[PDB]
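What follows is a set of notes on a single structure, which appears directly below.
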Ligand SMILES: CO[C@@H]1O[C@H](CS[C@]2(C(=O)O)C[C@H](O)[C@@H](NC(C)=O)[C@H]([C@H](O)[C@H](O)CO)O2)[C@H](O)[C@H](O)[C@H]1O
Ligand SMILES: CO[C@@H]1O[C@H](CS[C@]2(C(=O)O)C[C@H](O)[C@@H](NC(C)=O)[C@H]([C@H](O)[C@H](O)CO)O2)[C@H](O)[C@H](O)[C@H]1O
Ligand SMILES: CC(=O)N[C@H]1[C@H]([C@H](O)[C@H](O)CO)OC(C(=O)O)=C[C@@H]1O
Ligand SMILES: CC(=O)N[C@H]1[C@H]([C@H](O)[C@H](O)CO)OC(C(=O)O)=C[C@@H]1O
């Protein structure tokens, strides 16, 4: 009898929440922040660093995890992980609360990093990278980044198995997990991923030449056409890692009593994907979406529809929201409209919230950071391809923030739609960051 | 099969930690705060108020609870309690983390306040006072404060039974749990409760003329022996609650599947006890103590030796740790030495740490608010009968704070002793307070 959310939630997890062909996506907006049970551990010392939140939830249980670095967020020697496996429940007065059932600190010699979780029928699958050298150091590591598929079962026990990267990520130099969540689809769990591709490798050659240029809604990038093409053509090998091709990619693994069984990579064509970066594998109802961080020139939040057959996947022309920009360094700030070759941004995923009877997406929820270049002013709101709804603010004052990963669901019992935005926040006295789960109820005008 | 601490801990919970005869109690001291699994939920909204912690850990599991008011700590409207049942575990590296197994939000049609939890073999026993009026108002409500004995079972479910206060606390006008953890002894759960006595009632006339005068160690009170007796006599009828007799008591309930089964109140004779205040029932080894907050004139930490005979217990002359003082308010400041009438102070307890082979208590661990009147600057450390050891600070700046309670334990394996100190700390952005569980390893100078 494995852990399941309370009955008030059954049928309201990971499904298409608001199907309204009439009303305007934006008429829907986030209410003020709600007080729920804060299930994400805060730093217990003045220097402790807790970052990189990853979270997924299936119709039965939810998974969560983050990074813990004793000395400070800058130290990159060792560090452990925190994992949680729980279920949603309600109080007599119908308040909701994330009730973790298994809370453990996974800490041993091995230094995992940038890990992603996903709710599977066995427990909480986690995809990790185990590093020695720094990111910069590893991208030069001719040999591909070491990876391991782990899992925290309903029994509180943890087990993992390193994946044979010398083959799996053969044509790579660096290869880390998208940090965003993974999703379970057809007995398989699909994680996002990116990293470096060994130049001139079989893999590097098919992408060689392939580019793609997504544009802003109302801003037509001036710079001549020949200029834009060439720029994009190179936006896949930024100077940050010495021209190395940072390619997107999606890994799948068979979900069974054997961790890391039947892995399979799927390297989409840059003719459709953009510069590789952190991403999340979403699943709402019957649709699937690959979220990709805006680490390149494109600023608007993206969403590449995903389809699966066999053990591989297929991306498609991305859904986009212009109001959903992210802070980033010039020439790739929040308003950037021209293809360039940078590498910045921050993880801030959009959650599919409103569809059409024809099951096409329309509205999304998530937490952006209003600010051209710096990582400031968290902001929660509903977004359509163009505009933004009334917003709710973490703070009406300038505020330091980081990764924000959202997720919505409904309490059928109290017919209400809630959204969970796990946001990295600045913190005093106890470390650099506090990973707090903001909770909002989706309300609509009249 | 019930939950239980990893074997590395078995034998190191609720026992005498240090048995020394010559070593100076103060030669031991707290390590720098450690980085462990923050198991205490933090606010999630800008106004959420989380206060009044309560902790108790038996040889098998640990219980924890705190209160939560939505609109800010001053609002008296409604409120709900957060609960957690868990056990201690270790990582591959041998680090420790409090792994909670049952995490819930108790919120309903009732308002529970000033609750105290205790680890019973049936789960996590809780005692709360259900309020429908403010404290001042209830201290004038001829009738007794309604209460209930509840319990979060190992299965996750919570159950409670209202007590027949009109008979049980028949001689009281108000009565609440000491907020400080209770203890399980001889098949009954024991809680420290306090409140106001119904003037002229049997329970009240017997404490007539009874008092005690606790003096500081070095200092000496000038005042006449006459002026002293009176002051001490009237310290039990302070002016904050209309001269009512603020009384101290201990409630025992039988631990069984029937909640509230055969409870029994014990009202110690004021020839030994000071004015009624928040308390706690500690059990270290074969020794039972009673901690009494210093809401009256006596500044030093108090630990009343508690012996038990069936359903009733007896108290003895306290152990005073004259260095372990609390912030008061003139004339009852941290330095106070003469008997007076006041209802101030704060909750900051001392856990029985160091013992004589003859079981006599020699030293204690705790965290005091190192100030004279205001509630500022936390500070952890070992305390003997007269002085404080080296100190570990939350911060070296002026830091606002409040309640703090501590429990220590030994990791039999590496034979290392640790003290967990839960303290309400000042917080920013998210609520007026953040309850952070502090962790420290007790060290010996050389
Ligand atoms: C000067 O007017 C202020 O208007 C504020 C609007 S509502 C809200 C917001 O910005 O969304 C609701 C948020 O949940 C709240 N933040 C948190 C963390 O709970 C936010 C803060 O209160 C705001 O940032 C104030 O600093 O407010 C709100 O009514 C303020 O109280 C008004 O003073
Ligand atoms: C203020 O100068 C530094 O003091 C440090 C003392 S140790 C310690 C303390 O106050 O005991 C250890 C505490 O765990 C730590 N606080 C937290 C929350 O982790 C505290 C603060 O880090 C310090 O106080 C800063 O405010 O420090 C130590 O000697 C340092 O080397 C000094 O530079
Ligand atoms: C593997 C790794 O180092 N991840 C880091 C990531 C990375 O630098 C970026 O995705 C460029 O690849 O960025 C950041 C960051 O706060 O922005 C934090 C992550 O820890
Ligand atoms: C029942 C109740 O109200 N308890 C309160 C307690 C009480 O007032 C004291 O024991 C006598 O004054 O004080 C405080 C406080 O920070 O001091 C908080 C508690 O909420």
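Chains as they are written, first to last, in the deposited numbering: chain B, 124 to 569; chain A, 124 to 569. Even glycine gets a Cβ: it sits at the ideal position worked out from N, Cα and C.
Closest to residue i by CA distance: which of the options is it?
i	options	result
residue 200 (chain A)	A:221, A:228, A:132, A:232	A:232
residue 362 (chain A)	A:467, A:275, A:485, A:498	A:467
residue 384 (chain B)	B:271, B:519, B:202	B:271
residue 430 (chain B)	B:408, B:179, B:449	B:408
residue 253 (chain B)	B:298, B:274, B:280	B:298
residue 469 (chain A)	A:265, A:484, A:442, A:418	A:418
residue 442 (chain A)	A:412, A:184, A:236	A:412
residue 260 (chain B)	B:225, B:303, B:533, B:365	B:365
residue 160 (chain B)	A:160, A:158, A:167, A:161	A:167
residue 502 (chain B)	B:510, B:509, B:516, B:495	B:516
Please report the residue range of the alpha helix (DSSP H) in which residue i lies.
i	result
residue 529 (chain A)	No alpha helix (DSSP H) contains residue 529 (chain A), which is instead part of the beta strand (DSSP E) from 524-534.
residue 152 (chain B)	Looking at the DSSP string, residue 152 (chain B) is not in any alpha helix (DSSP H); the run it does join, the beta strand (DSSP E), is 151-153.
residue 262 (chain A)	Looking at the DSSP string, residue 262 (chain A) is not in any alpha helix (DSSP H), and its letter there is neither H nor E.
residue 354 (chain A)	348-356
residue 327 (chain B)	325-330
Kindly indicate the opening and closing residues of the beta strand (DSSP E) around residue i.
i	result
residue 283 (chain B)	281-286
residue 491 (chain B)	484-492
residue 312 (chain B)	311-320
residue 547 (chain A)	539-549
residue 409 (chain B)	Residue 409 (chain B) -> no beta strand (DSSP E), and no H or E assigned at all.
residue 456 (chain B)	It is not in any beta strand (DSSP E) - residue 456 (chain B) carries neither H nor E in the DSSP assignment.
residue 298 (chain B)	295-300
residue 565 (chain A)	556-567
residue 223 (chain B)	219-229
residue 136 (chain A)	Neither: residue 136 (chain A) is in no beta strand (DSSP E) and is coded neither H nor E.
residue 375 (chain B)	368-377
residue 248 (chain B)	246-253
Throw me the rounded Cβ distance for the residue i and residue j pair, which I believe falls under 8 Å.
i	j	result
residue 529 (chain B)	residue 474 (chain B)	5 Å
residue 238 (chain A)	residue 177 (chain A)	6 Å
residue 558 (chain A)	residue 220 (chain B)	Going by Cβ atoms, the distance from residue 558 (chain A) to residue 220 (chain B) rounds to 17 Å, so no, they are not a contact pair.
residue 524 (chain A)	residue 513 (chain A)	Going by Cβ atoms, the distance from residue 524 (chain A) to residue 513 (chain A) rounds to 20 Å, so no, they are not a contact pair.
residue 345 (chain A)	residue 294 (chain A)	In fact, because the Cβ distance is near 37 Å, the residues do not count as touching under 8 Å.
residue 319 (chain A)	residue 262 (chain A)	5 Å
residue 206 (chain A)	residue 229 (chain A)	6 Å
residue 128 (chain A)	residue 245 (chain A)	Actually they are not in contact, since the Cβ atoms of residue 128 (chain A) and residue 245 (chain A) sit about 17 Å apart, beyond 8 Å.
residue 511 (chain B)	residue 423 (chain B)	No, residue 511 (chain B) and residue 423 (chain B) are not in contact; Cβ-Cβ is about 11 Å, not under 8 Å.
Would you report the Cα separation of residue i and residue j, rounded to the nearest angstrom?
i	j	result
residue 561 (chain B)	residue 543 (chain B)	6 Å
residue 240 (chain A)	residue 405 (chain A)	12 Å
residue 371 (chain B)	residue 214 (chain A)	34 Å
residue 566 (chain B)	residue 540 (chain B)	8 Å
residue 461 (chain B)	residue 323 (chain B)	28 Å
residue 223 (chain B)	residue 163 (chain B)	10 Å
residue 155 (chain A)	residue 195 (chain B)	15 Å
residue 476 (chain A)	residue 464 (chain A)	32 Å
residue 138 (chain B)	residue 489 (chain B)	16 Å
residue 390 (chain B)	residue 197 (chain B)	31 Å
residue 472 (chain B)	residue 398 (chain A)	57 Å
residue 521 (chain A)	residue 499 (chain A)	6 Å
residue 182 (chain A)	residue 507 (chain A)	26 Å
residue 256 (chain B)	residue 446 (chain A)	50 Å
residue 225 (chain A)	residue 321 (chain B)	48 Å
residue 425 (chain A)	residue 526 (chain B)	47 Å
residue 209 (chain B)	residue 457 (chain A)	45 Å
residue 536 (chain A)	residue 203 (chain B)	22 Å
residue 135 (chain A)	residue 180 (chain A)	11 Å
residue 311 (chain B)	residue 428 (chain B)	18 Å
residue 432 (chain B)	residue 306 (chain B)	15 Å
residue 556 (chain B)	residue 550 (chain B)	5 Å
residue 316 (chain B)	residue 401 (chain B)	7 Å
Quiz prompt | Exercise answer, beta-carbon shell around ligand 1 heavy atoms below 5 Å | solution = Result (chain order): B:155, B:156, B:515, B:516, B:518, B:519, A:168, A:169.
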